[PDB]
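Notes to accompany the following structure.
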Amino acid sequence: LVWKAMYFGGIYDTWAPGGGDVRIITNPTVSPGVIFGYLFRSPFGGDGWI
Amino acid sequence: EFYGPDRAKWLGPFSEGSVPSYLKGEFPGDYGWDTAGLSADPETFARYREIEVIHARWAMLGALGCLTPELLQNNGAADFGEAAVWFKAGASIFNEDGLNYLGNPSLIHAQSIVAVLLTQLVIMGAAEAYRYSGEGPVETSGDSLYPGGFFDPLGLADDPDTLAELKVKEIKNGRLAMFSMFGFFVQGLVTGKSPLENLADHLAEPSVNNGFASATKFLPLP
Amino acid sequence: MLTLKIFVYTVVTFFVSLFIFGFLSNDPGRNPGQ
Amino acid sequence: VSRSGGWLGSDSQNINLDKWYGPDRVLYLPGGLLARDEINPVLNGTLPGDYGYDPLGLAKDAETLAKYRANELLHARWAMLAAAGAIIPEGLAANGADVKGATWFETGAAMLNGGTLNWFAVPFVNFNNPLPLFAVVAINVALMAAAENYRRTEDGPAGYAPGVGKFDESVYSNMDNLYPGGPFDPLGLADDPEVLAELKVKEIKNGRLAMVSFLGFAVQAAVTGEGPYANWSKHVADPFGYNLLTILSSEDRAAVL
Amino acid sequence: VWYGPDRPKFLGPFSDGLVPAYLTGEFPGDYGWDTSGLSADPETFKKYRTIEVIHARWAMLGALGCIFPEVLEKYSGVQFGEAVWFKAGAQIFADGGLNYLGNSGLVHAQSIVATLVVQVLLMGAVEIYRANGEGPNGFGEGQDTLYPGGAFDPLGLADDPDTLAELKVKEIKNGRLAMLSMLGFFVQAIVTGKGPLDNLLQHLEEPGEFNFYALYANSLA
Amino acid sequence: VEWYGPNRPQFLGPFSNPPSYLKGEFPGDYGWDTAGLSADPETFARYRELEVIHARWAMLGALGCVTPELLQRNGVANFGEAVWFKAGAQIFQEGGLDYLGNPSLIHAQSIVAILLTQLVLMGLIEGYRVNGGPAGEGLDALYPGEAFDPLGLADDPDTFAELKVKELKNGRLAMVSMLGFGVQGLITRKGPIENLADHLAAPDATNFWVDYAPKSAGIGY
Amino acid sequence: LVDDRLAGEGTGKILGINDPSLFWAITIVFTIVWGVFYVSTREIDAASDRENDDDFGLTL
Ligand code: CHL
Ligand code: CHL
Ligand code: CLA
Ligand SMILES: CC1=C[C@H](O)CC(C)(C)[C@H]1/C=C/C(C)=C/C=C/C(C)=C/C=C/C=C(C)/C=C/C=C(C)/C=C/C1=C(C)C[C@H](O)CC1(C)C
């Protein structure tokens with residue numbers, strides 16, 4: 001999946017600047033705080049877990 | 001008291017269980033201190049004893065030599081400039097007038113760093129080589145550490161009982177010199193001033209001008 | 001309210017920890033058969 | 001003491017010759033598809049890489065098998081040198097190295113019209129090789145003809161090899177036609193009989209892989225008209241966009257929608 | 001598991017051609033690492049063994065003590081004068097003096113000489129008792145000089161000799177880890193100039209961007 | 001006799017009083033153990049192995065620390081950082097680390113890949129050296145030979161003994177030069193080849209005693 | 001504003017830890033329970049009459 005999103009064409013990004021389009025992901029977010037933030041987030045409103 | 005089983009020890013009255021078995025008060029300076037067992041092997045102990053005595057003797061020479069020029073500078077017996085401080089005497093050889101003994105240009109008046117270095121290599125190289133050899137033109141006893149004979153003009157080692165006790169005096173004055181010399185090295189690095197200037201500052205304000213005044217001098221900064 | 005939150009976090013963690021280490025205490029061996 | 005040993009610590013040397021030699025040797029078809037009694041009897045599991053694979057019944061006796069194995073091992077060793085030598089120089093040029101005649105099927109043309117080649121001692125300095133084409137043809141033919149004749153006649157001149165030091169003509173005697181050893185084994189990796197048997201299996205298996213690979217290099221050259229490195233680099237760059245099917249299309253496929 | 005000829009060794013599968021003969025597995029933490037032959041002599045090995053355990057127990061206290069005030073300052077309401085371990089010494093020169101937990105009612109030390117005199121008197125007496133093997137009025141007569149027990153084991157966690165052998169491996173291995181990490185605290189203090197907790201929290205912010213090689217390696221030469 | 005035995009040369013020329021344990025049985029025995037460090041036969045063995053391994057590493061390092069700089073000074077090749085104490089910083093440059101400057105060679109980009117591969121590669125290599133492995137097992141620890149002597153230059157026992165003395169003497173010289181590179185680099189902050197050029201250009205003015213010695217106390221370099 | 005509140009609702013905080021004190025509440029409690037559990041594992045297993053070797057545990 002990450003090879004598809006970074007080297008083979010890319011993944012459709014609905015948030016892409018200029019309108020939703022297929023986009024190459026060049027800076028994946030691998031920060032531990034961001035990853036752990038999603039995993040141990042609440043499942044309730046506003047948080048929604050992952 | 002300085003030899004045998006009831007000799008003085010590094011921990012005083014509380015040194016019974018701290019003395020290694022191989023330290024039996026047979027040599028000068030045996031306060032039974034070897035918490036690292038570095039002298040457990042008899043052959044390495046003998047070599048370490050020679051290194052200690054040679055170091056102790058250089059330190060006694062060094063401690064006196066690191067203060068004598070500064071004392072003369074203070075009382076006005078001679079002028080050295082910045083060379084009065086022991087850790088600045090080396091650059092003196094690079095002065096336009098040259099290294100003048102006692103500040104007198106009619107004395108050594110050395111100018112060449114190579115000459116003072118090559119001369120020392122030949123002289124000390126010969127002197128040290130004879131010491132390692134254990135034999136030489138001079139007359140000595142069979143002890144390499146304690147030659148006597150030629151190196152004992154005054155017969156102070158002739159009496160054997162006094163010789164054993166004087167040996168303790170040599171190592172004990174020597175060890176104090178080595179500790180003080182380490183103090184000269186560290187104080188020179190930390191304070192940056194001469195040992196006598198360090199002493200004067202401690203006397204001026206003992207509670208403030210002490211080692212902890214420079215305790216924060218080498219704080220690593222981001 | 002933080003005092004209340006810390007008290008509840010202490011209480012909830014206590015009962016969950018008992019539940020977790022309770023089943024780690026050779027639970028499967030606690031059966032009447034052989 | 002031994003000149004052989006394991007690679008992953010003490011007791012890490014586990015050379016199982018049973019999988020490659022004997023009745024339970026692996027076969028080109030699994031157990032449930034091919035019974036071991038359906039294998040040609042001449043393939044008894046004594047030669048390296050005997051997968052029991054010989055449809056068309058080409059090998060009908062030990063002599064025929066021995067003659068063909070002499071051919072297979074030579075075709076395999078040459079393909080291993082070629083496979084490595086056909087793609088390594090091209091990979092250098094594609095990455096910025098100054099190599100004239102990168103693609104293997106275009107190196108010959110580079111020597112035409114008096115042009116020369118650059119030999120790259122890759123770890124270190126490159127070379128502007130002065131040998132002209134006429135000279136290269138003469139030297140290569142002379143050295144290769146002499147080398148092959150020595151192999152054909154099973155005898156050669158005395159010389160020096162590091163493993164054996166200085167040797168005479170006597171060493172050429174008692175050398176296997178396919179596994180000469182001796183001077184040809186300077187590192188002495190053939191000393192252990194169990195290791196030698198296993199390494200023989202790796203030789204033909206890497207060799208058979210190289211032969212099929214060079215066949216692809218040739219077929220690919222005819223179709224795509226590019227060097228093997230260029231085909232690989234662009235398959236990896238855009239796999240679905242650059243493969244055999246896309247090339248065969250040879251047209252801008254209209255969107256289906 | 002940890003004793004005898006079948007104990008684990010420091011080079012794993014390759015640790016068999018360099019295990020010294022004198023390293024047999026009779027002492028805790030014996031991974032057969034003496035490649036420089038320093039402990040060839042049994043008497044020197046005995047002393048080196050005490051030095052390691054002592055350096056280890058100080059390191060374990062040091063490792064915890066060097067990070068605990070820094071942890072407590074960031075993740076609690078405590079406000080130390082200097083939470084960073086290599087700046088906590090200068091607290092005694094501050095106007096308010098050294099206040100334990102930042103509370104002026106605790107300790108409130110204000111003279112470095114008085115603390116030093118009390119330390120050399122207390123640590124001097126204590127280290128003498130360990131060295132001599134018996135405290136005041138023969139407090140520790142007969143107890144092991146490295147593993148005393150008795151008064152030093154109030155909870156009796158090492159009454160069973162088999163448990164003792166296992167736990168002595170735990171002590172030396174946590175101790176060796178602490179010693180290795182205290183080396184980290186020293187060098188990271190020299191190079192980064194920040195507290196060890198700050199170094200960790202910086203690694204965790206973005207490990208690729210905030211590490212030794214991406215920040216400081218180029219400056220060291 | 002010339003290099004082994006009681007008639008061997010000594011570190012102090014005529015004045016020769018070799019320690020008893022030094023009996024000219026091993027290569028490079030000039031009877032120099034004034035500190036008595038190798039009095040223990042087991043420790044001496046361990047020390048001899050350390051010296052040979054250090055010497056072989058030093059010989060590779062000494063040649064490897066001047067080769068990039070010699071090529072750069074002679075304009076033979078361009079390196080991102082030819083000076084040895086700066087070569088490591090090349091990994092953090094823009095295009096990465098290119099061998100000999102040619103972008104088609106190695107072209108490494110991540111220090112983590114270099115570190116992890118070296119950990120695995122050198123971990124196996126050193127394990128093979130001490131426990132034995134693919135190249136052979138049961139071979140001499142310091143002088144395995146076999147695959148490591150393909151040319152057979154050590155086939156003659158006499159030549160092997162003399163060549164072993166040559167290895168240590170070239171190795172010991174390389175070890176001293178490595179200390180020189182480090183100390184000179186830490187002081188001059190310039191590559192060793194550049195430092196040599198300076199001494200040859202004006203030896204009476206760029207010598208250490210005149211250039212830095214006078215500024216080693218109270219004044220910066 | 002007129003009143004005070006934690007204002008942590010819908011903020012995506014790890015384990016809902018708005019302040020570091022909650023971390024100590026969870027960590028201390030878990031460590032204590034883990035502490036009493038850890039020093040009792042051998043006794044609990046001893047009741048099985050088997051040793052917790054590679055063949056221990058309910059197995060069909
Ligand atoms: C009665 C108690 C008594 C005590 C406690 C000591 C203690 C000591 N004696 Mg001793 N002695 C004692 C009685 C006697 N001695 C001697 C005769 C001798 C001799 C001849 C010698 C000693 C020596 C020593 C020292 C051993 C070396 C050392 O560093 O030790 C361990 C000590 C420490 C590890 C100190 C710990 C640090 C301390 C708290 C200071 C604080 C350090 C800094 C603040 C940290 C800064 C960090 C920065 C730089 C990063 C040591 C402190 C030796 C010496 O002089 O060593 C220097 C020595 O050669 N004693 C006699 C005559 C018979 C005694 C009679 O009672
Ligand atoms: C991070 C980016 C990075 C990049 C872009 C490169 C790029 C390169 N590296 Mg390098 N490296 C990189 C990082 C690193 N390298 C190394 C360690 C090395 C070494 C040790 C070597 C290189 C080499 C090379 C060059 C090889 C190309 C060549 O000349 O081939 C020429 C062609 C060939 C050698 C053969 C054909 C290659 C082509 C890929 C065919 C592949 C065929 C396979 C059958 C494919 C199989 C696929 C699988 C999935 C089935 C090349 C320019 C080599 C070199 O120096 O080149 C001269 C080399 O020997 N690198 C490390 C240290 C761990 C790195 C760390 O980051
Ligand atoms: C999880 C799937 C799986 C597993 C664990 C096994 C396991 C086994 N198979 Mg079996 N098999 C499978 C799937 C599987 N098979 C499928 C899908 C087919 C149809 C092609 C077969 C057809 C088959 C036959 C005809 C035989 C076995 C045999 C065997 C036994 C050993 C010999 C062997 O490996 O033969 C098979 C070897 C291969 C099929 C070579 C395939 C090449 C590689 C492994 C393909 C990998 C491609 C890639 C990873 C797939 C991507 C994932 C995909 C789902 C998208 C062995 C226990 C033999 C046996 O039972 O002995 C009596 C035997 O005769 N298998
Ligand atoms: C085994 C082997 C074998 C072979 O043969 C040889 C060889 C190699 C030699 C060997 C090895 C060795 C080693 C590794 C060593 C290391 C060590 C260390 C690191 C230590 C530390 C060590 C360290 C340590 C103790 C530490 C300590 C600390 C302490 C006390 C304390 C501190 C502190 C605190 C709390 C806080 C504050 O604020 C500050 C202070 C006050 C400061």
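Ordering of the structure tokens sets the chain letters (A, B, ...); residue numbers start at 1 within each chain; ligands are numbered from 1 in the order shown.
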
Output as CSV one row per residue of chain F within 8 Å of ligand 2: the closest atom pair and its distance in Å to one decimal place, counting only C-alpha atoms and all ligand atoms, sorted by chain and residue number ascending.
```
residue,atom,partner,partner_atom_place_in_ligand_line,distance
F:99,CA,ligand 2,55 (O),7.5
F:103,CA,ligand 2,52 (C),6.4
F:104,CA,ligand 2,52 (C),4.1
F:105,CA,ligand 2,55 (O),3.5
F:106,CA,ligand 2,22 (C),3.4
F:107,CA,ligand 2,11 (N),4.5
F:108,CA,ligand 2,14 (C),3.5
F:109,CA,ligand 2,66 (O),4.1
F:110,CA,ligand 2,66 (O),4.1
F:111,CA,ligand 2,66 (O),6.6
F:112,CA,ligand 2,66 (O),7.4
F:113,CA,ligand 2,63 (C),4.4
F:114,CA,ligand 2,63 (C),4.3
F:115,CA,ligand 2,63 (C),7.7
F:116,CA,ligand 2,63 (C),7.7
F:117,CA,ligand 2,63 (C),5.8
```

Practice prompt. Please identify which residues in chain C DSSP calls helix (DSSP H, G or I) from the backbone, and express them as a ChimeraX atom specification.
Written response: /C:2-23,27-29

Go ahead and write the residues just picked, N, CA, C and O atoms, as a short mmCIF file (atom, residue, chain, number, x, y, z; two decimals), in the first residue's frame.
```cif
data_model
loop_
_atom_site.label_atom_id
_atom_site.label_comp_id
_atom_site.auth_asym_id
_atom_site.auth_seq_id
_atom_site.Cartn_x
_atom_site.Cartn_y
_atom_site.Cartn_z
N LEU C 2 -11.07 17.72 38.14
CA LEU C 2 -9.85 16.91 37.89
C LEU C 2 -9.67 15.91 39.04
O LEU C 2 -9.37 14.74 38.75
N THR C 3 -9.86 16.36 40.28
CA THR C 3 -9.78 15.43 41.44
C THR C 3 -10.74 14.27 41.19
O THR C 3 -10.32 13.12 41.41
N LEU C 4 -11.96 14.56 40.75
CA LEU C 4 -12.89 13.49 40.43
C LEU C 4 -12.37 12.63 39.29
O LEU C 4 -12.50 11.40 39.32
N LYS C 5 -11.76 13.25 38.29
CA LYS C 5 -11.26 12.48 37.12
C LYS C 5 -10.12 11.56 37.57
O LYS C 5 -10.12 10.39 37.15
N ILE C 6 -9.20 12.07 38.39
CA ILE C 6 -8.04 11.26 38.86
C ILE C 6 -8.54 10.12 39.74
O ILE C 6 -8.00 9.00 39.63
N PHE C 7 -9.55 10.39 40.57
CA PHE C 7 -10.13 9.34 41.44
C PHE C 7 -10.73 8.23 40.57
O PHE C 7 -10.51 7.05 40.86
N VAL C 8 -11.49 8.62 39.53
CA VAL C 8 -12.11 7.62 38.67
C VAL C 8 -11.05 6.87 37.87
O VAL C 8 -11.14 5.65 37.70
N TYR C 9 -10.03 7.57 37.38
CA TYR C 9 -8.94 6.89 36.68
C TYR C 9 -8.25 5.90 37.59
O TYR C 9 -7.86 4.81 37.15
N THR C 10 -8.05 6.26 38.85
CA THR C 10 -7.48 5.32 39.82
C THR C 10 -8.39 4.12 40.02
O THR C 10 -7.93 2.98 40.08
N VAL C 11 -9.70 4.36 40.14
CA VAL C 11 -10.64 3.28 40.41
C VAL C 11 -10.79 2.38 39.19
O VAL C 11 -10.75 1.15 39.30
N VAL C 12 -10.96 2.97 38.01
CA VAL C 12 -11.16 2.18 36.80
C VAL C 12 -9.92 1.34 36.51
O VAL C 12 -10.01 0.17 36.14
N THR C 13 -8.74 1.94 36.67
CA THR C 13 -7.50 1.20 36.45
C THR C 13 -7.36 0.06 37.45
O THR C 13 -6.84 -1.01 37.11
N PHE C 14 -7.82 0.27 38.68
CA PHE C 14 -7.70 -0.77 39.70
C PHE C 14 -8.51 -2.01 39.32
O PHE C 14 -8.01 -3.13 39.38
N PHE C 15 -9.77 -1.81 38.93
CA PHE C 15 -10.62 -2.96 38.62
C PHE C 15 -10.23 -3.60 37.30
O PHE C 15 -10.39 -4.82 37.13
N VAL C 16 -9.75 -2.81 36.35
CA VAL C 16 -9.29 -3.39 35.09
C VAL C 16 -8.01 -4.18 35.29
O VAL C 16 -7.83 -5.25 34.71
N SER C 17 -7.11 -3.67 36.13
CA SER C 17 -5.88 -4.40 36.42
C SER C 17 -6.16 -5.73 37.10
O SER C 17 -5.52 -6.74 36.80
N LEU C 18 -7.12 -5.75 38.03
CA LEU C 18 -7.51 -7.02 38.65
C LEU C 18 -8.07 -7.98 37.62
O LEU C 18 -7.79 -9.18 37.66
N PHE C 19 -8.88 -7.47 36.69
CA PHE C 19 -9.43 -8.30 35.63
C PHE C 19 -8.33 -8.87 34.75
O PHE C 19 -8.36 -10.05 34.39
N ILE C 20 -7.35 -8.04 34.40
CA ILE C 20 -6.30 -8.48 33.49
C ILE C 20 -5.40 -9.51 34.16
O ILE C 20 -5.16 -10.59 33.62
N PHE C 21 -4.91 -9.19 35.36
CA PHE C 21 -4.01 -10.12 36.03
C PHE C 21 -4.76 -11.27 36.67
O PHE C 21 -4.16 -12.30 37.00
N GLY C 22 -6.07 -11.13 36.85
CA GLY C 22 -6.86 -12.26 37.30
C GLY C 22 -6.88 -13.38 36.29
O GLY C 22 -6.67 -14.55 36.64
N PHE C 23 -7.11 -13.06 35.02
CA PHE C 23 -7.12 -14.09 34.00
C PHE C 23 -5.73 -14.55 33.62
O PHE C 23 -5.60 -15.60 32.97
N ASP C 27 -5.80 -18.97 35.01
CA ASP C 27 -7.28 -19.09 35.03
C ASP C 27 -7.69 -20.46 34.47
O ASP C 27 -8.47 -21.15 35.15
N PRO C 28 -7.22 -20.89 33.28
CA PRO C 28 -7.69 -22.16 32.70
C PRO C 28 -7.53 -23.35 33.62
O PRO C 28 -8.27 -24.33 33.48
N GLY C 29 -6.60 -23.27 34.57
CA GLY C 29 -6.37 -24.37 35.52
C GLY C 29 -7.43 -24.41 36.60
O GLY C 29 -7.52 -25.44 37.30
#
```

Please tabulate, as a tab-separated table, the residues of chain B that come within 6 Å of chain F, each with its closest pair of atoms and the distance in Å to one decimal, counting only C-alpha atoms and ordering rows by chain, then residue number upward.
```
residue	atom	partner	partner_atom	distance
B:44	CA	F:36	CA	4.8
B:47	CA	F:35	CA	5.7
B:91	CA	F:214	CA	4.8
B:129	CA	F:15	CA	5.8
B:133	CA	F:15	CA	5.0
```

Worksheet item: Quick one: which residues from chain A are at most 12 Å off chain G, using only C-alpha atoms, as a PyMOL selection string?
Response: chain A and resi 32-50

Worksheet item: Neighbours of residue 9 (chain A) within 8 Å (only C-alpha atoms; same-chain residues fewer than 2 positions away dropped), as a list in words?
Response: residues 4, 5, 6, 7, 11, 22, 23 and 24 of chain A; 238 of chain D

Atoms kept (C-alpha atoms) for selection, written as a short mmCIF file (atom, residue, chain, number, x, y, z; two decimals), in the first residue's frame:
```
data_model
loop_
_atom_site.label_atom_id
_atom_site.label_comp_id
_atom_site.auth_asym_id
_atom_site.auth_seq_id
_atom_site.Cartn_x
_atom_site.Cartn_y
_atom_site.Cartn_z
CA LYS A 4 1.53 2.19 -4.27
CA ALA A 5 1.08 5.53 -2.51
CA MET A 6 4.71 6.61 -2.85
CA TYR A 7 6.22 5.00 -5.95
CA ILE A 11 -3.35 7.12 -3.89
CA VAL A 22 -4.56 10.92 -7.45
CA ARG A 23 -1.51 12.12 -5.55
CA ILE A 24 1.94 10.78 -4.76
CA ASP D 238 5.81 1.76 -13.38
#
```

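Relative to CA of residue 85 (chain B), CA of residue 56 (chain B) is found at 22.0 Å.
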
Fill in: Interface list for chain D, partner chain F, 9 Å threshold, only C-alpha atoms, as number ranges by chain
D: 1-10, 12-13, 91-97, 122-125, 161-165, 186-189

Limited to N, CA and C atoms, could you put the picked residues into a file as an mmCIF file, in the first residue's frame?
```
data_model
loop_
_atom_site.group_PDB
_atom_site.id
_atom_site.type_symbol
_atom_site.label_atom_id
_atom_site.label_comp_id
_atom_site.auth_asym_id
_atom_site.auth_seq_id
_atom_site.Cartn_x
_atom_site.Cartn_y
_atom_site.Cartn_z
ATOM 1 N N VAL D 1 40.712 -29.340 13.497
ATOM 2 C CA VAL D 1 40.855 -28.156 12.598
ATOM 3 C C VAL D 1 40.215 -28.479 11.245
ATOM 4 N N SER D 2 39.556 -27.495 10.626
ATOM 5 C CA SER D 2 38.908 -27.701 9.306
ATOM 6 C C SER D 2 38.971 -26.405 8.495
ATOM 7 N N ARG D 3 38.965 -26.511 7.164
ATOM 8 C CA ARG D 3 38.962 -25.297 6.302
ATOM 9 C C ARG D 3 37.509 -24.925 5.994
ATOM 10 N N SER D 4 36.553 -25.696 6.522
ATOM 11 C CA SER D 4 35.146 -25.403 6.301
ATOM 12 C C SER D 4 34.427 -25.270 7.636
ATOM 13 N N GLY D 5 33.343 -24.504 7.640
ATOM 14 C CA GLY D 5 32.585 -24.310 8.864
ATOM 15 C C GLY D 5 31.281 -23.596 8.588
ATOM 16 N N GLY D 6 30.464 -23.507 9.629
ATOM 17 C CA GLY D 6 29.172 -22.871 9.509
ATOM 18 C C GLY D 6 29.263 -21.361 9.427
ATOM 19 N N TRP D 7 28.136 -20.754 9.068
ATOM 20 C CA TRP D 7 28.043 -19.316 8.877
ATOM 21 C C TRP D 7 27.304 -18.601 9.996
ATOM 22 N N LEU D 8 26.626 -19.357 10.864
ATOM 23 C CA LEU D 8 25.789 -18.708 11.907
ATOM 24 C C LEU D 8 26.188 -19.209 13.296
ATOM 25 N N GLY D 9 27.488 -19.368 13.549
ATOM 26 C CA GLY D 9 27.945 -19.762 14.895
ATOM 27 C C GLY D 9 28.388 -21.210 14.957
ATOM 28 N N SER D 10 28.618 -21.721 16.167
ATOM 29 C CA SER D 10 29.063 -23.126 16.346
ATOM 30 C C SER D 10 27.944 -24.083 15.926
ATOM 31 N N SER D 12 26.702 -24.624 13.102
ATOM 32 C CA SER D 12 25.777 -23.965 12.145
ATOM 33 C C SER D 12 26.003 -24.538 10.745
ATOM 34 N N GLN D 13 26.941 -25.479 10.611
ATOM 35 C CA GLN D 13 27.186 -26.127 9.295
ATOM 36 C C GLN D 13 26.276 -27.349 9.176
ATOM 37 N N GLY D 91 24.173 -0.897 -15.972
ATOM 38 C CA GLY D 91 23.753 -0.280 -14.727
ATOM 39 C C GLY D 91 24.663 0.853 -14.305
ATOM 40 N N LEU D 92 25.957 0.729 -14.600
ATOM 41 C CA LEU D 92 26.893 1.810 -14.316
ATOM 42 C C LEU D 92 26.551 3.056 -15.121
ATOM 43 N N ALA D 93 26.340 2.893 -16.429
ATOM 44 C CA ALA D 93 26.071 4.043 -17.283
ATOM 45 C C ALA D 93 24.758 4.718 -16.910
ATOM 46 N N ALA D 94 23.740 3.929 -16.566
ATOM 47 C CA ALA D 94 22.453 4.508 -16.204
ATOM 48 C C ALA D 94 22.537 5.302 -14.911
ATOM 49 N N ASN D 95 23.511 4.995 -14.062
ATOM 50 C CA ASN D 95 23.687 5.697 -12.803
ATOM 51 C C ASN D 95 24.710 6.820 -12.890
ATOM 52 N N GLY D 96 25.276 7.068 -14.067
ATOM 53 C CA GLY D 96 26.129 8.213 -14.299
ATOM 54 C C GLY D 96 27.560 7.885 -14.665
ATOM 55 N N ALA D 97 27.962 6.621 -14.591
ATOM 56 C CA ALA D 97 29.328 6.265 -14.949
ATOM 57 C C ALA D 97 29.560 6.460 -16.442
ATOM 58 N N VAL D 122 35.636 -1.159 -11.412
ATOM 59 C CA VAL D 122 34.545 -0.439 -10.752
ATOM 60 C C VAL D 122 34.897 0.135 -9.384
ATOM 61 N N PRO D 123 35.495 -0.618 -8.460
ATOM 62 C CA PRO D 123 35.790 -0.013 -7.153
ATOM 63 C C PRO D 123 36.710 1.186 -7.257
ATOM 64 N N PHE D 124 37.464 1.293 -8.350
ATOM 65 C CA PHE D 124 38.561 2.243 -8.475
ATOM 66 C C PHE D 124 38.598 2.853 -9.868
ATOM 67 N N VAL D 125 39.754 3.401 -10.249
ATOM 68 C CA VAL D 125 39.863 4.187 -11.472
ATOM 69 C C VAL D 125 39.336 3.428 -12.689
ATOM 70 N N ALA D 161 49.753 -20.601 -10.275
ATOM 71 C CA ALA D 161 48.476 -20.271 -9.675
ATOM 72 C C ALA D 161 48.660 -20.173 -8.167
ATOM 73 N N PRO D 162 48.036 -19.187 -7.518
ATOM 74 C CA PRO D 162 48.333 -18.946 -6.093
ATOM 75 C C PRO D 162 48.043 -20.125 -5.181
ATOM 76 N N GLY D 163 46.980 -20.879 -5.448
ATOM 77 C CA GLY D 163 46.651 -21.993 -4.575
ATOM 78 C C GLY D 163 47.692 -23.095 -4.600
ATOM 79 N N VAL D 164 48.276 -23.351 -5.771
ATOM 80 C CA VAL D 164 49.237 -24.431 -5.941
ATOM 81 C C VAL D 164 50.656 -23.903 -6.118
ATOM 82 N N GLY D 165 50.843 -22.590 -6.051
ATOM 83 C CA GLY D 165 52.161 -22.031 -6.299
ATOM 84 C C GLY D 165 52.572 -22.260 -7.739
ATOM 85 N N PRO D 186 42.089 -21.623 -6.401
ATOM 86 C CA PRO D 186 43.122 -20.999 -5.560
ATOM 87 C C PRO D 186 42.729 -20.875 -4.101
ATOM 88 N N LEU D 187 41.453 -20.632 -3.817
ATOM 89 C CA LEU D 187 41.001 -20.494 -2.440
ATOM 90 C C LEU D 187 40.770 -21.833 -1.756
ATOM 91 N N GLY D 188 40.865 -22.940 -2.486
ATOM 92 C CA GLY D 188 40.750 -24.260 -1.899
ATOM 93 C C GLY D 188 39.425 -24.539 -1.223
ATOM 94 N N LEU D 189 38.330 -24.105 -1.839
ATOM 95 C CA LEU D 189 36.998 -24.313 -1.290
ATOM 96 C C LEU D 189 36.440 -25.692 -1.608
#
```

Worksheet item: Which residues form the shell of 9 Å around ligand 4 when you count only C-alpha atoms and all ligand atoms, given as a PyMOL selection string?
Response: chain E and resi 32-39+52+54-69+82-89+176-184+186

Export of the given selection (C-alpha atoms) as a compact mmCIF listing (two decimals), in the first residue's frame:
```
# COMPACT_ATOMS: atom_id res chain seq x y z
CA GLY E 32 32.35 -14.96 29.61
CA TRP E 33 33.56 -11.51 28.55
CA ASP E 34 37.20 -11.05 29.46
CA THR E 35 38.75 -10.59 26.01
CA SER E 36 41.50 -8.36 27.44
CA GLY E 37 42.47 -10.85 30.16
CA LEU E 38 42.22 -8.38 33.03
CA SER E 39 40.72 -10.88 35.49
CA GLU E 52 31.69 -3.80 39.32
CA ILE E 54 29.65 -1.23 43.66
CA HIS E 55 29.91 0.81 40.45
CA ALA E 56 26.64 -0.89 39.44
CA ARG E 57 24.71 -0.03 42.60
CA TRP E 58 25.86 3.58 42.45
CA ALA E 59 24.90 3.71 38.77
CA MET E 60 21.41 2.41 39.52
CA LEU E 61 20.92 5.10 42.14
CA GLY E 62 22.58 7.62 39.85
CA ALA E 63 20.50 6.71 36.81
CA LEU E 64 17.27 7.01 38.77
CA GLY E 65 18.39 10.11 40.64
CA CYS E 66 19.60 11.85 37.50
CA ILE E 67 16.24 11.61 35.74
CA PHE E 68 13.67 11.52 38.54
CA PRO E 69 13.73 15.27 39.33
CA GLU E 82 17.46 22.99 38.61
CA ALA E 83 15.82 19.74 37.53
CA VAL E 84 18.65 18.84 35.14
CA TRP E 85 21.12 16.50 36.81
CA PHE E 86 24.31 18.23 35.65
CA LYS E 87 23.02 21.60 36.83
CA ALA E 88 21.61 20.54 40.22
CA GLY E 89 24.94 21.17 41.94
CA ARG E 176 25.27 -3.00 34.06
CA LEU E 177 22.41 -1.44 32.12
CA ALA E 178 22.45 1.52 34.50
CA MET E 179 26.23 1.91 34.15
CA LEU E 180 25.96 1.87 30.36
CA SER E 181 23.13 4.41 30.48
CA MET E 182 25.01 6.67 32.91
CA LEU E 183 27.71 6.80 30.26
CA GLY E 184 24.92 7.94 27.96
CA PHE E 186 27.47 11.87 30.66
```
